[PDB]
Amino acid sequence: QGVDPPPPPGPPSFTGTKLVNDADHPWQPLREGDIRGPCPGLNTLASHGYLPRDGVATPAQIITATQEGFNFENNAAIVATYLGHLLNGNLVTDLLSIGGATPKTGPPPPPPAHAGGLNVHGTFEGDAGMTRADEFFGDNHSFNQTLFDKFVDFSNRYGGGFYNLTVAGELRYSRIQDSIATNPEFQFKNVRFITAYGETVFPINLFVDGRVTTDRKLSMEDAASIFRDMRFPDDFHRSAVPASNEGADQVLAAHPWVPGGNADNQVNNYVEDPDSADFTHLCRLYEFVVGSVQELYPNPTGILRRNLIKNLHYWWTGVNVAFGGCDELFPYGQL
Ligand SMILES: *[C@@H]1O[C@H](CO)[C@@H](O[C@@H]2O[C@H](CO)[C@@H](O[C@@H]3O[C@H](CO[C@H]4O[C@H](CO[C@H]5O[C@H](CO)[C@@H](O)[C@H](O)[C@@H]5O)[C@@H](O)[C@H](O[C@H]5O[C@H](CO)[C@@H](O)[C@H](O)[C@@H]5O)[C@@H]4O)[C@@H](O)[C@H](O[C@H]4O[C@H](CO)[C@@H](O)[C@H](O)[C@@H]4O)[C@@H]3O)[C@H](O)[C@H]2NC(C)=O)[C@H](O)[C@H]1NC(C)=O
Ligand SMILES: *[C@@H]1O[C@H](CO)[C@@H](O[C@@H]2O[C@H](CO)[C@@H](O[C@@H]3O[C@H](CO[C@H]4O[C@H](CO)[C@@H](O)[C@H](O)[C@@H]4O)[C@@H](O)[C@H](O[C@H]4O[C@H](CO)[C@@H](O)[C@H](O)[C@@H]4O)[C@@H]3O)[C@H](O)[C@H]2NC(C)=O)[C@H](O)[C@H]1NC(C)=O
Ligand code: HEM
Ligand SMILES: CCCCCCCCCCCC
Ligand SMILES: [Mg+2]
């Protein structure tokens, strides 16, 4: 009949490095029904049992897992998790798929809401990923070896055979160029414009072993292990400090870029969007997403309305800190 959703966990008591690839969290292969998706972080956490191994979890479980497994910073975890949950999760059962649709999220919500998981393209997941192809080409969730080959190439060319901040700057730009030239539906605005810069530094800040204090750089063996196999490196120790998107500013600065997309269903036709969120206009992302939620839930009434109000508030608590102050919106009023 429904669940009453708890407020998000706070930061972990212990915030130092530790062994995360340990006896209680062994890698195991997929069973029938297990779900995986476009996030190598959540994928690895599920395949090591930090999340439920079936790849369906509550917001709270996702937050505690990203913190325990990788030392993802609390506010960043809140901002990402409730974004994903509002758009792609089931607010009544409080379950989110980290991939595509599954009966495991429970009785479906009223359309146009879907609870179709992080695979759903267009508002959250989008284009110019590092190891995933654009949705226009048919698969936005599976690892793509050709794209990983380019990851390797750019690491060879700019990072001495390792992935570092310099490589991220170059790879991010080049992937944008690839999508401009080949994808007539290419979008790079709003949520995607913000997430696309952070995602390129997560491998440096979170996938590099926490015992490495200087000259942080990711080997291709470790990259492959996480991005392709959903497996922590042997003896992997998480970041020694809570972390997220440190260095994303520098990635943008290496090749300044403006939100927009290919217009009129044609390649090599990128038009700027001046209304999109960007890095000096972050609250636009908040307002946009709240708009998107209204489109999904145009007139909720019961347990659903209640859980929407709570999840929206939860998200705001993170957004407010992360974005440096945003006026909370109340599209369904108060409880
Ligand atoms: C991601 O990973 C990559 C890959 O590892 C990593 O890249 C390193 O980046 C750092 C800097 O960002 C590099 O180190 C710097 O290299 C600068 C460029 O060096 C060239 O030019 C030097 C300057 O030459 C002067 O004199 C000659 C006359 O001899 C003249 O022609 C020139 O015009 C100029 O006036 C030159 O010395 C250097 O050649 C030396 O070194 C090579 C070895 O690379 C050797 O083979 C040569 O024989 C020679 O000894 C080269 O051609 C350099 O200018 C810069 O120096 C500054 O800093 C040092 C100390 O930090 C000071 O001593 C000095 O005052 C300078 O101000 C510095 O050394 C490094 O080489 C990169 N490594 C690689 C492999 O590319 C990224 O940093 C990583 N990213 C992140 C974010 O971590
Ligand atoms: C793994 O991921 C890769 C990368 O995303 C996928 O490969 C891409 O597949 C698409 C679809 O076939 C390719 O798109 C086509 O590209 C043509 C241009 O490509 C050349 O130029 C680029 C560099 O600019 C080179 O990298 C590339 O090797 C080529 O030499 C376009 O001309 C095509 O356009 C036509 O169709 C569109 C859509 O209908 C129209 O809008 C156009 O007007 C035109 O008629 C087209 O966009 C793309 O090039 C591929 N990239 C690479 C590097 O391979 C894999 O399919 C994916 N596969 C899996 C599952 O592993
Ligand atoms: C906390 C909740 C999280 C959510 C909801 C989430 C969601 C997502 C989604 C939807 C994508 C795909 C983006 C796209 O294609 O546009 C993605 C990509 C990514 N995520 Fe996560 N993520 C989370 C946490 C993490 C953590 C903790 C890490 C690292 C440890 C991480 C690393 C990545 C990376 C590297 C990518 C890019 C993959 C690629 O482009 O090849 N994420 N995430
Ligand atoms: C892969 C997870 C994406 C991170 C969360 C989306 C919003 C970005 C917040 C950081 C602002 C600089
Ligand atoms: Mg993508």
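Note that our numbering has the sequence shown beginning at 32, numbered continuously upward. Yeah, the Cβ is synthetic: ideal placement off N, Cα and C, and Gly gets one too.
When you measure from the CB of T348 to every non-hydrogen atom of ligand 4, does any distance come out below 7 Å? Flag unset: Cβ of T348 not near ligand 4.
Beta carbon of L114, beta carbon of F193: below 8 Å? In terms of Cβ geometry, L114 and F193 do not form a close pair [threshold 8 Å].
DSSP state of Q208, grouped into three classes? In the structure shown, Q208 sits in a helix (DSSP, three-state: H, G or I).
Using C-beta distances below 6 Å, list every residue in its chain close to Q297, excluding the 5 sequence neighbours before and after it, in chain order. Excluding positions up to five away in sequence, the list reads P215.
Cβ of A96 within 8 Å of Cβ of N121? The answer is no: Cβ separation not under 8 Å.
Do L196 and ligand 1 come close, with the Cβ less than 7 Å from some heavy atom? Distances between the C-beta of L196 and the heavy atoms of ligand 1 include at least one below 7 Å.
Pairs of beta-carbons, one from the region 268-280 and one from the region 184-192, closer than 8 Å: are there three or more? Fewer than three pairs of CB atoms, one per stretch, sit closer than 8 Å, so the region 268-280 makes no contact with the region 184-192.
I want to know whether the region 203-215 touches the region 237-246 - three or more CB-CB distances under 8 Å. Taking 8 Å as the limit for Cβ pairs, the verdict is that the region 237-246 does not touch the region 203-215.
Per DSSP, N293 is paired with what? Its beta-bridge partners are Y301.
When you compare each of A111, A77, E201 and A255 to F179 by their alpha carbons, which one comes out closest? That would be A255, whose Cα lies nearest to the Cα of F179.
Within the chosen definition, does the region 307-319 reach the region 215-230 through at least 3 CB pairs nearer than 8 Å? Contact annotation: the region 307-319 touches the region 215-230, with at least three C-beta pairs closer than 8 Å.
Rounded distance between the beta-carbons of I109 and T348, thought under 8 Å: Confirmed, about 7 Å.
Opposite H152 in the DSSP bridges: which residues? Answer by DSSP bridge pairing, in chain order: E156.
Taking its Cβ as the centre, do 16 or more other Cβ atoms sit within 10 Å of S307, making it buried, or is it exposed? Burial call: buried.
Which residues does DSSP list as the beta-bridge partners of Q218? According to DSSP, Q218 bridges with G292.
Is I93 near ligand 3, with its Cβ less than 7 Å from a heavy atom? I93: yes, Cβ under 7 Å from ligand 3.
Taking a contact to mean a Cβ-Cβ separation below 8 Å, would you say residue 26 touches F233 in this structure? An answer regarding residue 26 cannot be provided, because it is not within the stretch 32 to 366 covered by the chain.
Using 8 Å as the threshold, is the C-beta distance between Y345 and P38 below it? The Cβ atoms of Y345 and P38 sit closer than 8 Å to each other.
Report whether the distance from the Cβ of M161 to the nearest heavy atom of ligand 3 is below 7 Å. At least one heavy atom of ligand 3 is nearer than 7 Å to the Cβ of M161, so yes.
Do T136 and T124 count as a contact pair if the criterion is CB distance below 8 Å? Their beta carbons are under 8 Å apart, which means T124 touches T136 by this criterion.
At a threshold of 7 Å, does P69 count as lining ligand 5 (C-beta to nearest heavy atom)? Yes, since a heavy atom of ligand 5 falls inside the 7 Å radius drawn around the Cβ of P69.
With a 10 Å radius around its C-beta and 16 neighbouring C-beta atoms as the bar for buried, classify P141 as buried or exposed. The residue is exposed, with fewer than 16 neighbouring Cβ atoms inside 10 Å.
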